[PDB]
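Student: This is the structure, below, for whatever I ask next.
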4 protein chains.
Amino acid sequence: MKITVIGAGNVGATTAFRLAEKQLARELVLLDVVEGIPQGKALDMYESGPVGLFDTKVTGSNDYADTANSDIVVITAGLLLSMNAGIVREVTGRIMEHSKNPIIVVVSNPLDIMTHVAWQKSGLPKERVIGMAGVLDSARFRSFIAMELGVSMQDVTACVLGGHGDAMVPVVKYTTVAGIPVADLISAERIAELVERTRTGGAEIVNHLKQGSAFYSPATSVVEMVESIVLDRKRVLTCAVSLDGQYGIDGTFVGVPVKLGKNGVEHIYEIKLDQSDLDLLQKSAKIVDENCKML
Amino acid sequence: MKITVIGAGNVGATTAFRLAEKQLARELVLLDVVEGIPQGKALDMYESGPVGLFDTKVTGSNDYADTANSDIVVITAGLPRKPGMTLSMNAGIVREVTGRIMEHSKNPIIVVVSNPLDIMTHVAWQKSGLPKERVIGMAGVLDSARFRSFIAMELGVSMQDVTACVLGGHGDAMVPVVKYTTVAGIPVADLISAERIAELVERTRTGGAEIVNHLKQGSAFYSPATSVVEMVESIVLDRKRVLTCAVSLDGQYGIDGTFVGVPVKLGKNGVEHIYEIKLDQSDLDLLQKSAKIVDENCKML
Amino acid sequence: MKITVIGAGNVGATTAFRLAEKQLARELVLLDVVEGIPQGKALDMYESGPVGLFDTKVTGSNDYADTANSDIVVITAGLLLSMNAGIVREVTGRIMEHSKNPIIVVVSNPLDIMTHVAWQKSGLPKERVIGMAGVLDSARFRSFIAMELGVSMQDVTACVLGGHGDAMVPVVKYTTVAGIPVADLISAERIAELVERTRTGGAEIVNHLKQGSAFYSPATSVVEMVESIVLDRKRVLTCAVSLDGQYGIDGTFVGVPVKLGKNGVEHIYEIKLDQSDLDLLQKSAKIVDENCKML
Amino acid sequence: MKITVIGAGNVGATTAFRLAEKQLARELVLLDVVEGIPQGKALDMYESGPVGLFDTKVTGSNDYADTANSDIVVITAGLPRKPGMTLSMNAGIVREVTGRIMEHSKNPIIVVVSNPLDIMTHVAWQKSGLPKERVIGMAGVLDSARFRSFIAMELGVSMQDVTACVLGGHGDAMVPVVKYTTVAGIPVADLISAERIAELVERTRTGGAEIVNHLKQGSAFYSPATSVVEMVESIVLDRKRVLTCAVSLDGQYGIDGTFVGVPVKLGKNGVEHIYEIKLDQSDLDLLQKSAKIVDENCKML
Ligand SMILES: NC(=O)c1ccc[n+]([C@@H]2O[C@H](COP(=O)([O-])OP(=O)(O)OC[C@H]3O[C@@H](n4cnc5c(N)ncnc54)[C@H](O)[C@@H]3O)[C@@H](O)[C@H]2O)c1
Ligand SMILES: NC(=O)c1ccc[n+]([C@@H]2O[C@H](COP(=O)([O-])OP(=O)(O)OC[C@H]3O[C@@H](n4cnc5c(N)ncnc54)[C@H](O)[C@@H]3O)[C@@H](O)[C@H]2O)c1
Ligand SMILES: NC(=O)c1ccc[n+]([C@@H]2O[C@H](COP(=O)([O-])OP(=O)(O)OC[C@H]3O[C@@H](n4cnc5c(N)ncnc54)[C@H](O)[C@@H]3O)[C@@H](O)[C@H]2O)c1
Ligand SMILES: NC(=O)c1ccc[n+]([C@@H]2O[C@H](COP(=O)([O-])OP(=O)(O)OC[C@H]3O[C@@H](n4cnc5c(N)ncnc54)[C@H](O)[C@@H]3O)[C@@H](O)[C@H]2O)c1
């Protein structure tokens, strides 16, 4: 098992470190454009092995040749829509030169589009390319409900399809505390607020740090997904994937419940959404598929 | 944090070992009536510390003075069962044990595991003289675990993403709420036929017996030990987790005094909140019938 | 990764469970001769998955056909020397019918001989077959030193070659607390005692339980070894392996420091022992190689 | 168990996150001088709890009253360094911080991380007014970690099996004892040429600078955070671990009063024992020279 995390900033570095200590890979390559930074961070991570008790071979590089034969590739490269799309497209192209069949997990925003960009570029089947967002939105939502109710975050479940912001589709219907519907524990008034805080959760962090975005939750989320693939856990998580009919959408990437296994997306769940939500999901997908045209 | 586990059998020991490795306690005492067994299992466990990387001081004893001033006590003392069985004996055991520990620990949190659970928990609570918040029994978590593992098998999904609501107690007293059973929030009724769900609900119902018939000379202990610890960890780490445990109600679900398996918030103060969820008439009905049967025996004792 | 643990008694069951929760395998097969027991224990373990958060597919069986294509096989079968040798030889033969190239880790006593029996039977190269004992003896010794000094067991190191009992070769020279020689922390008087307690450590447990042997420490030890192989950790642990010259011994299995990787024994370390110890190791190996003749 | 971490930077935050996930504390406070950063990093961390499965209450603050009654305090406040550097400033920072926390916590265990370590630890201890057992600094563990990772690379063995003894402090004050450096007990001198060992001893010596030159805008934090936590975990779980930490000697190694990096037994009472190992004249010599230099500055302050 050889994993490559493109991008050595907070997100990709926090991600690689977690992936290193969890030992989900024998070889882990942290690659970035800036000289030095990737090499120093990967070394700092490696020298952590004797105390954290992991033996993952973590190396930082600038040469894609060091990412040859990677099984999984995490793309966190980013710095507009036309710019990043180019960054993502180029990166995908460079890795596809040294790896003929990996699973690509995208973490760049706009997620859905960036994921599409990468996919259509790699030439890999829609099963081998996915994006991360739902796990993260779900996580923020779950933590808000926890703070509200004074319960453990492990017992809170939150079904969140779609993308970030106005494109987010939180299914309050499939959201619970130990199976007990949130609707029976929290007023709709407050639930509406917690749903709002979730839509603008990334920004809430940014408004705090001023510089850059959030990276702990985002990194932890990406790993949960990678872990499922590596350990063939068959976990069901809301990821961005290319639909092929479900939800009355075809071709365009959307955030829907999926089963992640050694072969990536092993199943797309078409849950029962009510018109409202099902509409927002289709509009949002139209807007997205729109942009994927210019590109 | 000192944790005492009465009973060095399959459940008690497996539980103790798990507690040791997880390092939830600084001092872990494994006491039993039969001499030798707790000491040997305790040593075998401790000698595991260098490879499992934990330093919990696990001590096996036959003397209750060693349990003095405990924060949490796990009671697993009692005879299991053979293929063909289904309280007179354990009632006395559990009571003797409880009164025995209370001499050395005046304010612990007791977690009862001994069967018949609901009733054995009442016996301990009754004998301890501790407020009902400090005494609870383990059952729901295990029942839920089995239901989840089955659904996972059926759908081929991770057991982590399956949620199962199960209240009441074991056997016909088991009230599994398919309504609050899901796969990543998605209702199981939307993924598995009702006909097949009832069977899985059946397997769950007779889950313990399925293990007993296989083992033939005893019952299950791995899942039971894992479940007990999930509960203790919540208390130790004050995680405020919501788990189905056997506790003494005070009106919720239309039941008073008797111990029932309901969703509760578990913290360092024990039962910090009892959740009275929404159940249809048929479920409240069973839950209350069961509750009366249990309430029957308890008084008969 | 598919692992099979032969023997469903305390040792093999405690082992399989630990292997299940650590997720070192996708498929884990617990096989035994007695009907029912393996099926019940493996099920009890599996139903533990939702609370212990692992998804290892653990199944109990009586049909070796269910152990087909196993990568690693842990043999804990046992119930005299001629008896067990037959048990081990038969088991090895049955698995070799459904798996052409696994790594075999033996846990039956007498270890060295039982390991040889299995090896010469499987027909596999000496790299694919090893036995467990040193890790366990080291572990008991390490814990005694810890109890004596009032320090953590993680920081105690103990080099132990040879086998159990009189065949045990504890190198007090290579035994330390954070690198600090035990000889500088504990009197030779007491060290002699702690070394004695180690030689008879298995029996100390048995004298307590009356029925059967110890199984927690023995199981934890076996896993450490298996973990190293599965995760290609390249750990250095004293295991029983077929030497090929080192220590002035050839062919006969001995407990020596080795590097365990995805290919099993990747290196045998010939440390510098003083005559005394080096002698006890050769005598012990002669006695062993003696018995491996009758068989 | 309440743990305060002063400094929400790369080391402070990475450390806090690790502490949160490991659940070693119920309440974890991340305080900094710059407003916003600790709050944001704290939230980002907490929002990680549902996927990382931990419930530690991580709160980011700018107010010291939030650190009140802390059991353990980790000081990482201070300016790092850029390629080309090697105390005047941090001395004031560390002292201000220490006197600030002591107003709200009257008996914590302070773990200093701010450079120059040996000296910054003296500054805190001096200002806290706490017995020398309650104040220690982190350095040895990190130095040892780097040496181990190098040997592992060189021999192709697990880093878990490599043991490295390193005393003193960073730089020329670093006293790595090749004599007590091994691979599964086997002396490294028996596995690696002396010539190559000295180089690895060199890399270790300038390890931090190697990271600094790569990063260019800051220093290392992953290994440093991992090392600090290894120490805190020992205290929290009273594991009595033996780690090389910077502490105030009282004669051992022929050094009095000054802080030196020596092997110590770490428990809930802090430094529970200082180990005076056997060193040859040359090593005792450096250790003492370094110690005097450090003892020099401290008084100059
Ligand atoms: N999926 C989500 O919901 C989510 C959450 C958080 C952040 N993000 C996004 O993830 C990205 C990384 O966030 P961060 O906080 O780690 O940022 P960052 O700026 O610290 O790190 C990104 C790193 O990528 C490098 N980079 C840029 N272009 C590159 C290229 N072509 N090849 C290789 N490296 C390149 C930069 O130089 C930089 O060091 C951002 O685009 C951000 O918007 C997404
Ligand atoms: N709540 C559940 O879901 C659940 C699951 C499994 C087992 N159980 C119950 O837990 C109990 C233990 O199961 P087990 O498999 O560990 O059994 P076991 O027979 O292996 O062990 C029970 C131990 O209790 C000891 N014991 C008996 N009387 C005692 C007394 N007065 N004081 C101290 N120790 C005493 C025995 O000597 C024995 O070692 C049984 O009552 C069983 O039915 C409940
Ligand atoms: N390596 C060590 O240092 C070490 C430590 C402890 C125990 N051991 C040895 O390990 C073995 C297991 O110990 P245990 O405590 O688990 O014992 P146990 O008797 O509880 O379990 C062994 C199981 O193997 C089964 N068995 C016997 N022959 C078999 C065959 N041909 N095929 C399949 N299953 C068979 C039995 O029926 C039994 O259920 C013993 O031989 C013991 O002496 C070695
Ligand atoms: N002991 C070791 O082995 C070791 C390893 C790495 C770093 N360090 C040292 O640790 C310190 C922090 O390193 P870093 O990488 O986290 O740096 P950093 O610059 O990322 O973070 C330091 C944080 O301290 C805060 N700060 C400054 N003055 C403060 C005051 N008076 N009160 C409260 N907060 C204040 C800053 O605002 C900043 O967020 C440095 O002094 C560095 O040299 C020691």
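Residue numbering restarts at 1 in every chain; chains get A, B, ... in the order shown in the structure tokens, and ligands count up from 1 in that same order.
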Within 6 Å of ligand 4 (counting only C-alpha atoms and all ligand atoms), which residues show up? I'd like them as a list in words.

Tutor: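 Here is the list of contacting residues: residues 6, 7, 8, 9, 10, 11, 12, 32, 33, 34, 76, 77, 78, 79, 80, 93, 97, 113, 114, 115, 117, 138, 139, 142, 219, 220, 221 and 224 of chain D.
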
Student: Would you list the contacts of residue D:72 as a list in words, taking every protein, DNA or RNA residue within 7 Å and counting only C-alpha atoms, but skipping same-chain residues closer than 4 positions in sequence?

Tutor: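 Contacts, with the query itself left out: residues 2, 3, 4, 108, 109 and 110 of chain D.
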
Student: Define the interface residues of chain A facing chain B as those within 12 Å, counting only C-alpha atoms, and report them as a ChimeraX atom specification.

Tutor: /A:52-53,135,138,146-147,149-161,170-185,224,227-229,231-238,256-261,266-267,269-273

Student: So that I have them on file, write out the residues from the current selection with C-alpha atoms, as a tab-separated table (two decimals), in the first residue's frame.

Tutor:
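Ended up saving to selection-v3.tsv:
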chain	number	residue	atom	x	y	z
A	52	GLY	CA	4.08	7.38	18.15
A	53	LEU	CA	5.06	3.78	17.39
A	135	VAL	CA	-18.12	13.70	6.00
A	138	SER	CA	-21.77	15.93	8.78
A	146	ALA	CA	-23.68	17.28	20.67
A	147	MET	CA	-22.90	20.65	22.24
A	149	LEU	CA	-27.72	18.17	23.91
A	150	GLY	CA	-24.68	17.55	26.10
A	151	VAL	CA	-24.07	14.12	24.62
A	152	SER	CA	-21.20	12.28	22.92
A	153	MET	CA	-20.39	13.05	19.29
A	154	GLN	CA	-19.97	9.36	18.64
A	155	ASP	CA	-23.71	8.83	19.09
A	156	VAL	CA	-24.85	11.65	16.80
A	157	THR	CA	-25.61	10.75	13.16
A	158	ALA	CA	-26.11	13.29	10.38
A	159	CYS	CA	-27.05	12.60	6.79
A	160	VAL	CA	-25.72	15.39	4.60
A	161	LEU	CA	-25.83	15.30	0.80
A	170	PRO	CA	-28.85	18.30	5.30
A	171	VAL	CA	-31.50	15.59	5.70
A	172	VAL	CA	-32.79	16.48	9.19
A	173	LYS	CA	-35.00	13.44	8.65
A	174	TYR	CA	-32.03	11.07	8.77
A	175	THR	CA	-30.27	12.86	11.63
A	176	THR	CA	-30.30	11.35	15.12
A	177	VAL	CA	-28.89	10.85	18.60
A	178	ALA	CA	-28.58	7.09	19.14
A	179	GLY	CA	-31.36	6.61	16.60
A	180	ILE	CA	-33.64	9.06	18.42
A	181	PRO	CA	-34.73	11.71	15.85
A	182	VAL	CA	-33.15	15.12	16.46
A	183	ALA	CA	-36.63	16.48	15.81
A	184	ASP	CA	-37.71	14.94	19.11
A	185	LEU	CA	-34.77	16.35	21.04
A	224	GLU	CA	-11.96	8.24	7.48
A	227	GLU	CA	-9.18	4.26	5.88
A	228	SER	CA	-12.39	2.70	4.55
A	229	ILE	CA	-10.77	2.13	1.14
A	231	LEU	CA	-9.04	-1.54	5.07
A	232	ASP	CA	-11.93	-2.40	2.74
A	233	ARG	CA	-14.34	-1.45	5.54
A	234	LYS	CA	-17.33	-0.93	3.22
A	235	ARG	CA	-18.29	2.20	5.22
A	236	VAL	CA	-21.20	4.37	4.08
A	237	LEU	CA	-20.21	8.03	3.86
A	238	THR	CA	-21.49	11.00	1.88
A	256	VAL	CA	-24.40	11.25	-1.92
A	257	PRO	CA	-24.23	8.28	0.49
A	258	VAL	CA	-21.80	5.70	-0.83
A	259	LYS	CA	-20.11	2.46	0.15
A	260	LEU	CA	-16.31	2.79	0.04
A	261	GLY	CA	-14.26	-0.33	-0.50
A	266	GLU	CA	-18.85	0.18	-4.55
A	267	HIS	CA	-22.41	1.45	-4.28
A	269	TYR	CA	-27.39	4.96	-2.28
A	270	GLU	CA	-30.44	6.72	-3.63
A	271	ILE	CA	-32.22	7.55	-0.41
A	272	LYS	CA	-35.76	8.90	-0.21
A	273	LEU	CA	-35.56	12.68	-0.22

Student: Show which residues sit within 9 Å of residue B:36, as a ChimeraX atom specification. Count only C-alpha atoms, and ignore same-chain residues fewer than 3 positions away.

Tutor: /B:32,39-41,60-62 /C:207-210

Student: What residues in chain D lie within 12 Å of chain B, counting only C-alpha atoms, written as a list in words?

Tutor: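 The complete set of qualifying residues is residues 1, 20, 22, 23, 24, 25, 26, 27, 49, 50, 51, 53, 54, 55, 56, 57, 160, 161, 233, 234, 235, 236, 237, 238, 239, 240, 241, 267 and 268 of chain D.
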
Student: Kindly export the residues of the current selection with C-alpha atoms, as a PDB file, in the first residue's frame.

Tutor:
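Once written, again_7.pdb looks like this:
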ATOM      1  CA  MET D   1      -7.958  16.256  34.665  1.00  0.00           C
ATOM      2  CA  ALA D  20      -7.763  15.860  22.698  1.00  0.00           C
ATOM      3  CA  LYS D  22      -6.026  10.643  23.189  1.00  0.00           C
ATOM      4  CA  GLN D  23      -8.628  11.825  25.710  1.00  0.00           C
ATOM      5  CA  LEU D  24      -5.991  12.133  28.438  1.00  0.00           C
ATOM      6  CA  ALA D  25      -7.978  15.133  29.737  1.00  0.00           C
ATOM      7  CA  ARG D  26     -11.651  15.999  30.266  1.00  0.00           C
ATOM      8  CA  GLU D  27     -10.990  19.725  29.875  1.00  0.00           C
ATOM      9  CA  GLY D  49     -14.421  14.639  17.688  1.00  0.00           C
ATOM     10  CA  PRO D  50     -17.241  12.862  15.786  1.00  0.00           C
ATOM     11  CA  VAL D  51     -14.928  11.269  13.261  1.00  0.00           C
ATOM     12  CA  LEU D  53     -14.272   9.479  18.236  1.00  0.00           C
ATOM     13  CA  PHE D  54     -13.275  11.570  21.255  1.00  0.00           C
ATOM     14  CA  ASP D  55     -15.264  13.997  23.386  1.00  0.00           C
ATOM     15  CA  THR D  56     -12.587  16.094  25.107  1.00  0.00           C
ATOM     16  CA  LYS D  57     -13.920  19.594  25.763  1.00  0.00           C
ATOM     17  CA  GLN D 160      10.063   0.750  18.169  1.00  0.00           C
ATOM     18  CA  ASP D 161      13.011  -1.561  18.798  1.00  0.00           C
ATOM     19  CA  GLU D 233       0.556  10.801  29.224  1.00  0.00           C
ATOM     20  CA  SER D 234       3.063   9.375  31.715  1.00  0.00           C
ATOM     21  CA  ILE D 235       1.971  11.939  34.284  1.00  0.00           C
ATOM     22  CA  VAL D 236      -1.751  11.602  33.606  1.00  0.00           C
ATOM     23  CA  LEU D 237      -1.737   7.809  33.587  1.00  0.00           C
ATOM     24  CA  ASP D 238       0.987   7.623  36.276  1.00  0.00           C
ATOM     25  CA  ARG D 239       2.879   5.125  34.065  1.00  0.00           C
ATOM     26  CA  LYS D 240       6.169   5.769  35.911  1.00  0.00           C
ATOM     27  CA  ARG D 241       7.940   6.009  32.544  1.00  0.00           C
ATOM     28  CA  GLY D 267       4.490  10.097  37.426  1.00  0.00           C
ATOM     29  CA  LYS D 268       1.488  12.022  38.773  1.00  0.00           C
TER      30      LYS D 268
END

Student: Taking into account only C-alpha atoms, which residue in the set A:28, A:85, A:33, A:230 is nearest to chain C?

Tutor: A:230

Student: Mind checking DSSP for stretch 58-134 of chain A and telling me the strand (DSSP E or B) residues as a list in words?

Tutor: residues 58, 59, 60, 61, 72, 73, 74, 75, 103, 104, 105, 106, 129, 130, 131 and 132 of chain A

Student: Atoms to include: N, CA and C atoms. Write the selected residues as a short mmCIF file (atom, residue, chain, number, x, y, z; two decimals), in the first residue's frame.

Tutor:
data_model
loop_
_atom_site.label_atom_id
_atom_site.label_comp_id
_atom_site.auth_asym_id
_atom_site.auth_seq_id
_atom_site.Cartn_x
_atom_site.Cartn_y
_atom_site.Cartn_z
N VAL A 58 7.58 7.82 5.52
CA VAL A 58 7.08 9.11 5.04
C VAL A 58 8.17 10.02 4.47
N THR A 59 8.11 10.30 3.17
CA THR A 59 9.10 11.16 2.54
C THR A 59 8.48 12.33 1.77
N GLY A 60 9.12 13.50 1.87
CA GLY A 60 8.66 14.69 1.17
C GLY A 60 9.43 14.83 -0.14
N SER A 61 8.76 15.27 -1.20
CA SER A 61 9.39 15.41 -2.51
C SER A 61 8.85 16.58 -3.35
N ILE A 72 -3.31 4.98 -3.68
CA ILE A 72 -4.24 6.04 -3.38
C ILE A 72 -3.51 7.37 -3.42
N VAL A 73 -4.18 8.37 -3.98
CA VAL A 73 -3.63 9.71 -4.11
C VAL A 73 -4.62 10.73 -3.56
N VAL A 74 -4.18 11.52 -2.59
CA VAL A 74 -5.01 12.55 -1.99
C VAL A 74 -4.57 13.90 -2.53
N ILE A 75 -5.46 14.56 -3.28
CA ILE A 75 -5.18 15.86 -3.87
C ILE A 75 -5.75 16.99 -3.02
N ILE A 103 -6.66 5.31 -6.75
CA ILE A 103 -7.96 5.85 -6.38
C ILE A 103 -7.60 7.29 -6.07
N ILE A 104 -8.36 8.24 -6.59
CA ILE A 104 -8.05 9.64 -6.34
C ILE A 104 -9.10 10.28 -5.46
N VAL A 105 -8.66 10.83 -4.34
CA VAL A 105 -9.54 11.51 -3.41
C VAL A 105 -9.21 13.00 -3.48
N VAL A 106 -10.16 13.79 -3.96
CA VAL A 106 -9.96 15.23 -4.11
C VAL A 106 -10.44 15.99 -2.89
N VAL A 129 -12.41 7.71 -8.59
CA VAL A 129 -12.24 9.11 -8.26
C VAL A 129 -13.41 9.67 -7.45
N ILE A 130 -13.10 10.21 -6.27
CA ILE A 130 -14.12 10.77 -5.39
C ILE A 130 -13.64 12.03 -4.67
N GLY A 131 -14.59 12.80 -4.15
CA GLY A 131 -14.27 14.02 -3.43
C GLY A 131 -14.80 14.02 -2.01
N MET A 132 -14.18 14.83 -1.16
CA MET A 132 -14.55 14.91 0.25
C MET A 132 -15.22 16.21 0.65
#

Student: Can you pull out every residue within 8 Å of residue D:18, counting only C-alpha atoms, but drop anything in the same chain fewer than 4 positions away, and send it as a VMD selection string?

Tutor: chain D and resid 14 22 225 to 226 229

Student: Please extract the residues at most 6 Å from ligand 3, counting only C-alpha atoms and all ligand atoms, and provide them as a PyMOL selection string, using the chain letters and residue numbers of this document.

Tutor: chain C and resi 6-12+32-34+76-79+87+91+107-109+132-133+212-215+218

Student: Give me the residues within 8 Å of residue B:45 as a list in words, counting only C-alpha atoms and dropping any in the same chain fewer than 2 places off.

Tutor: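 Result of the neighbour search: residues 17, 20, 41, 42, 43, 47, 48, 49 and 58 of chain B; 216 and 217 of chain C.
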
Student: For those residues, write C-alpha atoms to a file as a PDB file, in the first residue's frame.

Tutor:
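Below is the file again-v5.pdb, written as the result:
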ATOM      1  CA  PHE B  17      -8.009  -7.475  30.394  1.00  0.00           C
ATOM      2  CA  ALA B  20      -6.209  -2.968  31.641  1.00  0.00           C
ATOM      3  CA  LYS B  41      -5.406 -14.383  35.261  1.00  0.00           C
ATOM      4  CA  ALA B  42      -4.309 -11.045  36.760  1.00  0.00           C
ATOM      5  CA  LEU B  43      -0.623 -11.979  36.430  1.00  0.00           C
ATOM      6  CA  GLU B  47       2.704  -9.859  31.953  1.00  0.00           C
ATOM      7  CA  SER B  48       0.986  -8.625  28.821  1.00  0.00           C
ATOM      8  CA  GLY B  49       1.709  -4.989  29.609  1.00  0.00           C
ATOM      9  CA  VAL B  58      -3.994  -5.410  37.704  1.00  0.00           C
TER      10      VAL B  58
ATOM     11  CA  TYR C 216      -3.203 -13.429  27.486  1.00  0.00           C
ATOM     12  CA  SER C 217       0.565 -12.816  27.390  1.00  0.00           C
TER      13      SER C 217
END

Student: Do you know which residues are at most 8 Å from residue C:49 counting only C-alpha atoms, after dropping those on the same chain fewer than 2 positions away, and could you put them as number ranges by chain?

Tutor: B: 145, 149, 159-160; C: 21, 45-47, 51-56

Student: Point out the residue among C:165, C:263, C:278, C:44 with the least atom-to-atom distance to ligand 2, counting only C-alpha atoms and all ligand atoms.

Tutor: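 Nearest candidate to ligand 2 out of C:165, C:263, C:278, C:44: C:44.
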
Student: Please, what distance in Å, to one decimal, runs between atom CA of residue A:15 and atom CA of residue A:223?

Tutor: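 A separation of 6.7 Å between them.
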
Student: So, counting only C-alpha atoms and all ligand atoms, which residue among A:71, A:279, A:35, A:66 is closest to ligand 1?

Tutor: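 For ligand 1, the nearest of the candidates is A:35.
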
Student: Which residues in stretch 66-246 of chain A does DSSP call helix (DSSP H, G or I)? List them as a ChimeraX atom specification.

Tutor: /A:66-67,81-95,111-122,134-149,153-155,165-167,172-174,182-185,188-199,201-209,216-230,246

Student: Can you tell me which residues surround stretch 198-214 of chain D at a distance of at most 6 Å, considering only C-alpha atoms, apart from same-chain residues fewer than 5 positions away, and format the answer as a PyMOL selection string?

Tutor: (chain A and resi 36-37+40) or (chain D and resi 83+146-147+171+219-220)

Student: Next, dump the selected residues to file, keeping only N, CA and C atoms, as a PDB file, in the first residue's frame.

Tutor:
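Written file, again-v4.pdb:
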ATOM      1  N   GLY A  36      11.862  22.310  -0.273  1.00  0.00           N
ATOM      2  CA  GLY A  36      12.074  22.275   1.163  1.00  0.00           C
ATOM      3  C   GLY A  36      10.927  21.897   2.084  1.00  0.00           C
ATOM      4  N   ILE A  37       9.838  22.666   2.046  1.00  0.00           N
ATOM      5  CA  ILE A  37       8.688  22.426   2.919  1.00  0.00           C
ATOM      6  C   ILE A  37       8.219  20.971   3.003  1.00  0.00           C
ATOM      7  N   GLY A  40      10.802  18.800   4.833  1.00  0.00           N
ATOM      8  CA  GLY A  40      10.929  19.044   6.255  1.00  0.00           C
ATOM      9  C   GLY A  40       9.777  18.500   7.060  1.00  0.00           C
TER      10      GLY A  40
ATOM     11  N   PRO D  83      16.048  30.130   9.476  1.00  0.00           N
ATOM     12  CA  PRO D  83      17.355  29.606   9.077  1.00  0.00           C
ATOM     13  C   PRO D  83      18.451  30.635   9.333  1.00  0.00           C
ATOM     14  N   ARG D 146      14.783  11.350  17.196  1.00  0.00           N
ATOM     15  CA  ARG D 146      15.524  11.545  15.946  1.00  0.00           C
ATOM     16  C   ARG D 146      16.670  10.551  15.804  1.00  0.00           C
ATOM     17  N   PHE D 147      17.414  10.329  16.876  1.00  0.00           N
ATOM     18  CA  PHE D 147      18.518   9.379  16.787  1.00  0.00           C
ATOM     19  C   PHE D 147      17.974   7.992  16.421  1.00  0.00           C
ATOM     20  N   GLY D 171      22.202  20.908  20.726  1.00  0.00           N
ATOM     21  CA  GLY D 171      23.455  21.423  20.209  1.00  0.00           C
ATOM     22  C   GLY D 171      24.686  20.763  20.790  1.00  0.00           C
ATOM     23  N   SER D 219       9.998  26.107  12.590  1.00  0.00           N
ATOM     24  CA  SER D 219      10.678  24.866  12.953  1.00  0.00           C
ATOM     25  C   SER D 219       9.754  23.641  12.986  1.00  0.00           C
ATOM     26  N   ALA D 220      10.261  22.530  13.513  1.00  0.00           N
ATOM     27  CA  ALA D 220       9.490  21.291  13.593  1.00  0.00           C
ATOM     28  C   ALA D 220       8.455  21.346  14.707  1.00  0.00           C
TER      29      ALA D 220
END

Student: Find the residue from A:23, A:143, A:102, A:2 that sits nearest to chain C; use only C-alpha atoms when measuring.

Tutor: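 Ranked by minimum distance to chain C, first place goes to A:23.
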